[PDB]
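Below sits a lone chain in structure tokens, taken as the form deposited in one PDB entry.
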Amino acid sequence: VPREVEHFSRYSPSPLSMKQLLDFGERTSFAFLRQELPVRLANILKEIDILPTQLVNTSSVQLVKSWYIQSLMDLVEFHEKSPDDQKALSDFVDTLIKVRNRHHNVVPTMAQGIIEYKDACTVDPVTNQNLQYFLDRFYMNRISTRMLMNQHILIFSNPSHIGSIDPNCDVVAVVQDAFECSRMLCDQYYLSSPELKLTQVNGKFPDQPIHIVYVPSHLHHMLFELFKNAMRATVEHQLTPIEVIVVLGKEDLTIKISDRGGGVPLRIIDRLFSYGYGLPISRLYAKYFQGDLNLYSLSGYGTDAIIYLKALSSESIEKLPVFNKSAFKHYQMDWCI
């Protein structure tokens, strides 16, 4: 329990809007990130310490802790530098690159610790819920720190993008690319893949191209995972084409992916988002900027996946976990069953 971790964990993370992140396009981002990134690393670090001791003692969770601590300490060092020190700004970018490289394997490492703990230890129902609660928050936390760091790196280190954000993200283009990416893996494994039947409706601007401010990589990640499952279910169940509809409303950008891969019983639909990490992480990407990712399956026929994204950058605000009394109380935590 280093002192810096305890200190910065007492701060609440500061969520940014997609709009703010566009404003990155160096002195201000530097002062903000040297404060905000330790805060977010410190908050999740403290939350790691309340996990079951046998999980925290796994080499994998110990690695994650050590990486996050080292990265926190690397960033806190810049609190002694001036935002006007142009070399400190340059060094700060190199440090974000180092931190990004150090965190490159966080997701599978953490996943390895969870699987090792679940496979080897008894997990009471409360603890199992807390693990899904923790992993949603841990992976959201990583998504957020990676977002903020890459935004600073990409801007101050694609030219048509502002950092990792596309101010006029061609949603349909991303859908088509993510489908093709999944289609390639599907052919490599199944030697055959369903085709894409894509419909687009722009309710906000009829007959006009659908564009929103969004992170295309995040959108690609969500769709890629949903397409992999739709294609794996379609081929194994059977090829019927995966039907996709992209809709832009006043407040929401909606993408619905539909297959006829036989579906799954409602009893098991929730297990899809238990930690098998692609779907839960995909949903985290959707919820990161106040979106959502829902699955509704028709057992015996097929499955619909619907992505909700905010159509306004001002409302696309980071959904960040905070290690405060409420979170700690959720861990401690009417109808007949």
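Shifts are known only where both forms have a C-alpha. Between two forms, the rigid core is defined as the largest C-alpha subset superposing within 1.5 Å. When you see a residue number, it is the position in the sequence shown, counting from 1.
Absent from the display: the form deposited in another entry. The rest refers to it.
- The residue among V201, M184, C121, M73 whose Cα moves by 2 angstroms or more between this form and the one not shown, once the core is superposed, is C121.
- Between this form and the other one, the CA-CA gap for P125 and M140 narrows by 3 Å or more, being smaller in that other deposited form.
- Figure legend: C-alpha atoms of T127 and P38, shown here, are separated by at least 3 angstroms more in that other deposited form.
- 115-127 is the only run of at least 3 consecutive shared residues whose C-alphas each shift by 2 Å or more between this form and the one not shown once the core is superposed.
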